Amino acid sequence: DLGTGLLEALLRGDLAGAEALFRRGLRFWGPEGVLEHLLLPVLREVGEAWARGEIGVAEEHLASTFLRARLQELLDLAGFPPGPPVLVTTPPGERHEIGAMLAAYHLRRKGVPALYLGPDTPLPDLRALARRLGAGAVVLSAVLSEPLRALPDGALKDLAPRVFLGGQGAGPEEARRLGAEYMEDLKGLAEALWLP
Amino acid sequence: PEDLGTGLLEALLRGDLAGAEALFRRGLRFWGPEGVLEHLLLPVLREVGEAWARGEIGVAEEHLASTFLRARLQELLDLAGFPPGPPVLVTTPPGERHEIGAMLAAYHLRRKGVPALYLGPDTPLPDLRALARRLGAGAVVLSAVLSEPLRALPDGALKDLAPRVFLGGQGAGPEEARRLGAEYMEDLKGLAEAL
Amino acid sequence: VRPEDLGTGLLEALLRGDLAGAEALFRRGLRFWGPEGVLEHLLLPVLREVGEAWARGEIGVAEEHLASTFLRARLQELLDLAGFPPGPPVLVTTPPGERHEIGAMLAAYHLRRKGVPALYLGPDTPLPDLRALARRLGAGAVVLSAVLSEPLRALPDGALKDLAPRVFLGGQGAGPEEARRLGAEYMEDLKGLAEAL
Amino acid sequence: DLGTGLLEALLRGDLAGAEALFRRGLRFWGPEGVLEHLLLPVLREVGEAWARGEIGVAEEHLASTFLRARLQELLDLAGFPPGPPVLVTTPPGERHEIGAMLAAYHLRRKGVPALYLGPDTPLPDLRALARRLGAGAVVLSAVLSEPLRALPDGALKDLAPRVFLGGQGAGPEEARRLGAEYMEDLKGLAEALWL
Ligand code: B12
Ligand code: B12
Ligand code: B12
Ligand code: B12
C-alpha cells in the first residue's frame, strides 16, 4: 500500500520523505515485514515501470540505489555472528544484487555468519575463497535464467560443502543439473543449512 | 593509526567483518569523515585494486573488501545532511561501473549542504538529462575512473545535461572535459565551492 | 533485542557502567530508526525514564549525569557527521541559567540535517554577548531551547527581541505566551524550525 | 601557528575549517601531543582574550564547546576497558569540564576504566554511584577554589577507597581538609592509583 508513496517520493527526489516513509513501514511491519510489504513490491514496480517505458534508467537507478542502501543497513543491523562463514553472491553475469542481500539478511537474522560478497563472482575465485575461509556453504541468487544456462553441468557442485541456489531465474531442474540444492523460501534457508 | 590500513585489509581478507567495522570506526574517530576516506578507505581500496591486478588475490576476495568499503561510504552519505532545493545528480558515464568516486563526490557535496542525489553508476545520457530537466537539477557531476568510456562519447555530449556539468576522476582530464563540454575539476573540495 | 526493548537495554547498560554495550545498543537504534528517529524513539525516552527514576528516588544525579553525558556524546557525533555548510549561521543556545543542553543540540542537528549552518554555542549564553556574536557573524537567526520555565521567568519583557533578525524559542519550559512576552517566535516541533527558515 | 589559525576559524564561525586544522594537529602530534600543543594553548588564549575583553562569553562558549567535542572524541578513541571504574567529575558548583575530561583521558590511555560523568556532581549522589558501580576511585578536577571552600571538612573522604583532587583551584592543604589525595600531574595518576 505504502509502495506508491515511497516510489513517488523517490521519483521527485525527496530522499528525506522516502526514508521517513520507509522508517514508518519498518516501525509498523518490522524488519522482515517491511521487506515483503514495501521493499520488494517497490522494487518490482520500478522494474515494471522501466519495462513499460514509464520511467527511464536514471529514475530506476535512483530507486534501486535507495533500496540497496536500506537493505544494506538492515544487513548490518542483523550483525555478523561468529563461526565458519557462508558466502553469498550471484552467478557470473548476474548483476541483480537484492535477492542475494535478502538471503544474507535472513541467514544473519538466524545467527548464520553470511558474508555478502556483492554480485557476479567467478566460480573458481568463489571456490578458492570458500576453501581458504573454511566456509560451510555458498548461497547464490539468480534473477535471470541465462547465466545459469551458460554454466556446465555440475558447475556449482563443490564450491563449498553445501551450495544453495534460489531466485526467480532458478528452478529445481536447473539446480539439479548444476549440482546445487534448490530453495525457494529464505526464512527456511538457515534450517536447511543446519540439517544434513 | 599508521597500522589501521594494514589491519583493516587483513581483517577483510580473513572475513572478520566485525573487526573490520571496529577498525573503520577507529579511523573515522581519528581522522574525521572526510579524513577517513582519504587516509583509510581510498588507500585500502587502491591496495585491493593493485593486489587483484598483480594476480595476488581473486575476484571473490576483492569483492568482499570492495562491498564492505562501499557499505561504509553509503552509511556516511546517509548520515550527511540532505537539504531541500534543486538537486545535483551524481553518477558515472555510460559504460563506467566504478562507482566509488561518484559516491565520494556526492558525500563531499552533501557535507557542504548541497543536495547531491547519488544515482548509482552508468547512466545513459538521454535519461540523465530527462531526470535533470524534470527535477530542475542545478548541476550534474560525473566520475570517470577509465578514460575509454569518455573517448567513446561524441564531442559536446555532456554539454547541456544541466545548467552546470562537472567531470572528474583519474579517467578524466581538462582536454577531454573541454571536448565533451563539461567543466573539469580535480579536487573534491573545490566542487562545492564551484556552487 | 526487539526495538521495543532497546530503551530498557540501553538504560540498564548505562546504570551498570557498560559504555561499550550502551554504544552498541545505540548504534542498533540508529540503524533501525535512522538519525532523527533514534533521537525521538531512543534518546528522548531514555532521558525521560532517567528523569522519572530520579524523581521517584530510584537513581541520583550521578546516574543521571552519566546517562546525559553519554547521550550528549552520541548526539554530538551525529552532529559532526551531518557536515557544517557555508552561509550566514544560525546560533543555537539556551537562555541564561539554563544548563540543559540536549534540546539545543537537537535543534542544531535537525537544522544541519536540512543544510542550515546551525552553530551550537553550548548552553547558558548571556543575551548581550549572544546579540554581539549574531551581528558580527551576520547570523540570520538565533534559536533558544528552554527545558525549565524559571530561567525564562528571570528575563525582563522583550529581552529576546532582535538578538538577530529572527529569534525562535522552544522546549518544554517555553510556551507561546512566554515567547510573546520575551519577543521571540514560538515553535513547538523541531521539524517546523527548518521550514520557518 | 595552527593554534592562531584554529582560534581565528572558530571566532569567524568556520567550524569546518576549525575541524580541519584540529585534525591536522591530531595527525601531526598524535593524541597526547595535540592536547599539549594545540588544545590547551587555544583554551588558554581564549581565556586571556576574554579577560582582556577582546572576545565575549558567546565566543568563549563556542570555542569551549568545540574543544569539549574534540576531547570527547579522543576519550572514545582511547576506549573503555573492563573492570571496576574510576569516576571522574568536578565538585558541586564547578562547571569547568576540560580538566576532568583530560584526567579521564590520561587514565583511559593507561587502560584504566575512567567514567567521565560530566561536571558538577552533588557529593551524596556521587558516593551513591561509586558504591553502586563498585568504583575503586573517584577523581575530581577543580579550576576554581570557591566550590572547594564551600564543602565541609572531610567531605571527599570515603567517596571511594581512593579519592584524588587536582586542578588550579586545588592544593595540598585543601585536599587534606577535604580528605582527598592531592595530585598535580595527570601522567602520574594511573601510577598513583596502582600504588
Ligand atoms: C526489478 C526488475 C528489473 C530491474 C530492477 C531490479 C534491480 N534494481 O536489481 C532492472 C532494470 C535492474 C532489471 C534488470 C534486468 N532484468 Co528485469 N525485471 C525486474 C522484475 C520486475 C523483478 C526482479 C527482481 O529483482 N525481483 C526481486 C528478486 C529478489 O526476487 P526473486 O528472484 O523472485 O526471489 C524471490 C525468492 O526466490 C527469494 N530468493 C531470491 N534469491 C534467492 C536465493 C535463495 C538461495 C533463496 C532460498 C531464495 C531466494 O527472495 C525473493 C523474494 O521472495 C522482474 C519481473 C517480475 N515481476 O518478477 C524482471 C525480469 C527478471 N527482468 C528481466 C530482464 C530480461 C532483465 C534485463 C536483462 C533487461 C535489460 N535489457 O536490461 C535487465 C538486466 C540484466 C543484468 N544482469 O543486468 C526478465 C528475465 C527473464 C528470464 N527468462 O530470465 C524478467 C523475469 C521479466 C519478466 N517477467 O519477463 N530488471
Ligand atoms: C582502485 C581500483 C579498483 C577499486 C575501485 C573503486 C572504484 N573506483 O569504484 C575496486 C577494488 C572496487 C576495483 C574494482 C574493479 N576495477 Co579496478 N583497479 C583499481 C585501480 C587500482 C585504479 C584506481 C581507482 O579505481 N581509484 C579510485 C578512484 C576513486 O580514484 P580516482 O578515480 O583517482 O579519483 C580520485 C579523485 O579524482 C577524486 N574524484 C573522483 N571522481 C571525481 C569526480 C569529480 C567531479 C572530482 C572533482 C573529483 C573526483 O576522488 C578520488 C579520490 O581522490 C586500477 C589500476 C591502477 N590504475 O593502478 C584498477 C582498474 C581500474 N580496475 C580494473 C577493473 C577491470 C576492475 C574490476 C572489473 C576488477 C575485478 N573484477 O575485481 C572491478 C570492477 C568493480 C566495479 N565494476 O565497480 C582495471 C580496468 C581495465 C580497463 N582498462 O578496463 C584496472 C585498470 C586494473 C588493471 N590493471 O587491470 N578497482
Ligand atoms: C538531563 C537532566 C538534567 C541535567 C542536564 C544535563 C545537560 N547538560 O544536558 C542537569 C544535571 C544539568 C539537570 C539539572 C537540573 N534539572 Co534536570 N533533568 C534532566 C532530564 C533528565 C533532561 C531532559 C533533556 O535533556 N532532554 C529532553 C528535552 C529536550 O525534551 P523537551 O524539553 O521535551 O523538548 C522537546 C521539544 O520541546 C523540542 N525542543 C527542545 N528545544 C527546542 C527548541 C526549539 C526552537 C524547538 C522548535 C523545539 C525544541 O525537542 C524536544 C523533543 O521533542 C530531565 C527529565 C525530562 N523529562 O526531560 C530533567 C528535568 C528537566 N530536570 C529537572 C530539574 C528540577 C532540574 C534542576 C532544577 C534540579 C536540580 N537542582 O537537580 C536542575 C537545574 C539545572 C539548570 N538550571 O538547568 C526536572 C524539572 C522539573 C519540572 N518538570 O519542571 C526534570 C523534568 C526531571 C524530573 N523532575 O522528572 N537536569
Ligand atoms: C573555559 C572557561 C570557562 C567555561 C567552562 C566551560 C567547560 N564546559 O569546560 C565557562 C564559560 C563555563 C566559564 C565560566 C566561568 N569561569 Co571560566 N574561564 C574558562 C577558561 C578560559 C578555561 C581555562 C583553563 O584553565 N583550562 C585548563 C584547565 C584544565 O585548567 P588548567 O589551568 O589547564 O589546569 C591544568 C591542571 O590543573 C590539570 N588538571 C585539571 N584537573 C585535574 C585533576 C587532577 C587530579 C590532576 C592531577 C590534574 C588536573 O589539567 C589542566 C591542563 O594541564 C579559564 C581561563 C584560564 N586562565 O584557564 C576561565 C576561568 C577559569 N574562569 C573563571 C571564572 C571566574 C569563571 C566564572 C566564575 C565566570 C563568571 N562570571 O561566571 C564562571 C564560573 C562557572 C562555574 N560555576 O564553575 C576564571 C577563574 C577564577 C579563579 N582564579 O578562581 C578564569 C581563570 C577566567 C580568567 N581568564 O580570569 N569559564
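What counts as what
Residues numbered from 1 in each chain as written, not as in the entry; some residues may be left out. Chains lettered and ligands numbered in written order. Heavy atoms only, no water. Helix = DSSP H or I, 4+ residues; strand = E, 2+ residues; numbered from the N terminus. Rg over C-alpha atoms; globule rule 2.2 N^0.38 Å. Buried < 20%, exposed > 50% of the residue type's maximum accessible area, 1.4 Å probe, protein only. Contact = heavy atoms within 4.5 Å. Areas by Shrake-Rupley, 256 points an atom, 1.4 Å probe, with all protein chains shown as cover. Axes fitted to C-alpha atoms, helices over the stretch in contact; angles between N-to-C directions. Parallel < 35°, antiparallel > 145°, perpendicular 65-115°, else oblique. Left-handed = near helix turned anticlockwise from the far one by under 90°. Pairing = 2+ DSSP bridges. Right-handed = clockwise from strand over helix to strand, strands pointing away. Buried area = accessible area lost by both parts, 1.4 Å probe. Salt bridge = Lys/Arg side-chain N within 4 Å of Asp/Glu carboxyl O. Polar contact = N/O pair within 3.5 Å; in protein donor to acceptor, adjacent residues only side chain to side chain. Nonpolar A, V, L, I, M, F, W, Y, C, P; charged D, E, K, R; others polar. Domains from an automatic or database assignment. Expected span 1.5 Å × (residues − 1). Bend = angle between axes of the 7 residues up to and from the residue.

Turning our eyes to something else, we now look at the overall build of chain D. Scanning chain D from terminus to terminus reveals eight helices and five strands. For 195 residues, the compact-globule formula gives about 16 Å, and the C-alpha radius of gyration of chain D, at 17 Å, lands near that figure. Across its three principal directions, the C-alpha atoms of chain D cover 45 × 35 × 25 Å. The 195 residues of chain D split such that 57% are buried. Put simply, of all contacts in chain D between residues at least 6 apart along the chain, 70% involve residues at least 24 apart. Accessible surface, chain D as shown: approximately 8,200 Å² in total, 54% of it carbon and sulfur.

This part covers the packing of helix α1 (residues 6-15) of chain C against helix α4 (residues 61-81) of chain C. All names here are of chain C. Taken N-terminus to C-terminus, the directions of α1 and α4 make an angle of 120°; their axes are 10 Å apart at the nearest point. Accordingly, the angle class assigned to the pair α1 and α4 is oblique. Considering only the axes of α1 and α4, their crossing is right-handed. Only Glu-63, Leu-66, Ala-67, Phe-70 and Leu-71 of α4 make contact with α1, whose side of the interface consists of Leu-10, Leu-14 and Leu-15.

Turning to the pairing of strand β1 (residues 88-91) of chain B, a few remarks are in order. Residue and element names in this part refer to chain B. Side chains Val-88 and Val-90 project from β1 onto one buried face, and the interleaved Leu-89 and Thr-91 project onto a second face that is buried too. Where β1 and strand β2 (residues 116-118) come together, three bridges link them in parallel fashion. Bridging across to β2, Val-90 finds its partner in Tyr-118. At this point the chain moves from β1, through helix α4 (residues 100-111), to the parallel β2, and the crossover so formed is right-handed. With four bridges connecting them, β1 and strand β3 (residues 139-143) associate as parallel partners. The residue bridging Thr-91 from the neighbouring strand is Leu-142, located in β3.

Looking now at the interface of chain D and chain C. Facing 35 residues of chain D, the contacting portion of chain C comprises 34 residues. Between chain D and chain C lies a buried interface of about 2,800 Å² when both sides are counted; carbon and sulfur atoms form 56% of it. Linking chain D with chain C are eight salt bridges, by the criterion used here. In this structure, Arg72(C) and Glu97(D) form a salt bridge, with 3.3 Å as the shortest nitrogen-oxygen distance. At the boundary of chain D with chain C, the tally comes to 16 residue pairs in polar contact. In terms of residues, the side of chain D that touches chain C owes the most to one element, helix α3 (residues 57-78) of chain D, which gives eleven residues. Taken together, the residues of the side of chain D that touches chain C sort by class into 16 nonpolar, seven polar and twelve charged.

Residue and element names in this part refer to chain B. Structurally, the position occupied by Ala-51 is in helix α2 (residues 17-54). Each C-alpha atom, one on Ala-51 and one on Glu-62, is 8.5 Å from the other, the two residues being eleven residues apart in sequence. When neighbours within four sequence positions are excluded, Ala-51 is seen to be in contact with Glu-56 and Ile-57.

Residue and element names in this part refer to chain D. Ordered in space as β2-β1-β3-β4-β5, the five strands form an open sheet in which the pairing is parallel. Where the open sheet ends on each side, the last strands, each with one partner, are β2 (114-116) and β5 (181-182). Of the strand pairs in this sheet, strand β3 (residues 137-141) and strand β4 (residues 162-166) are connected by five bridges, and their pairing is parallel. When the bridges of β4 are listed, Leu-140 appears paired with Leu-165.

Below, the discussion takes up the pattern of salt bridges. Counting across every chain of the model gives 71 salt bridges over all chains. Its salt-bridge partner being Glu73(A), residue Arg23(A) comes within 2.8 Å of it at the nearest N-O pair. Here the residue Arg23(A) occupies a position in helix α2 (residues 15-52), and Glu73(A) occupies one in helix α3 (residues 57-78), the gap between them amounting to 50 residues. By the burial criterion, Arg23(A) is buried, and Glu73(A) matches it. Close ionic contact of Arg29(B) with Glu77(C) constitutes a salt bridge, the shortest N to O distance being 3.6 Å. Placement of the pair is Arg29(B) in helix α2 and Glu77(C) in helix α4, with the two residues belonging to separate chains. Several salt bridges converge on common partners, so that one network encompasses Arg29(B), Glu23(C), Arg27(C), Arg74(C), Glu77(C), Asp76(D) and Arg108(D).

As a further point, take the domain arrangement of chain D. All names here are of chain D. Looking at the assigned domains, one finds that chain D contains domain 1 (2-78) and domain 2 (86-194). Of note, the centres of domain 1 and domain 2, computed from C-alpha atoms alone, are 24 Å apart. Listed as interface residues are 14 residues of domain 1 and, on the opposing side, nine residues of domain 2. Taking both sides of the interface into account, the surface hidden between domain 1 and domain 2 amounts to around 1,100 Å²; carbon and sulfur atoms contribute 75%. For the pair domain 1 and domain 2, the interface holds three salt bridges. Put simply, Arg-108 and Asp-76 hold a salt bridge, and the shortest N to O gap is 3.6 Å. At the boundary of domain 1 and domain 2, one finds three residue pairs in polar contact. In terms of residue count, α3 provides more of the side of domain 1 that touches domain 2 than any other element does, eight residues in total.

Before going further, it helps to examine the arrangement of the chains. There are five pairs of chains in contact here, and the one with the most contacts is chains C and D. Between chain A and chain D there is no contact; the minimum C-alpha to C-alpha separation amounts to 21 Å.

Residue and element names in this part refer to chain C. For the pair α1 and helix α2 (residues 19-33), interaxial distance at closest approach is 8 Å and the crossing angle is 160°. The angle between the axes of α1 and α2 places the two elements in the roughly antiparallel class. Handedness of the crossing formed by α1 with α2: left-handed. Every residue of α2 that contacts α1 at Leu-6, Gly-9, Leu-10, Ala-13 and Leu-14 is listed here: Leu-19, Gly-21, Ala-22, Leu-25, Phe-26, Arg-28, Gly-29 and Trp-33. Looking at the contact of α1 with α2, its residues break down into nine nonpolar, three polar and one charged.

All names here are of chain B. For α2, which comprises 38 residues, the first-to-last C-alpha distance of 24 Å sits more than 12% below the rise-based estimate of 56 Å (1.5 Å per residue). The largest bend along α2 measures about 115° and falls at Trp-31, with the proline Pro-33 one to four residues further on. Directly beyond the C-terminal end of α2, a positive phi value near 85° is found at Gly-55.

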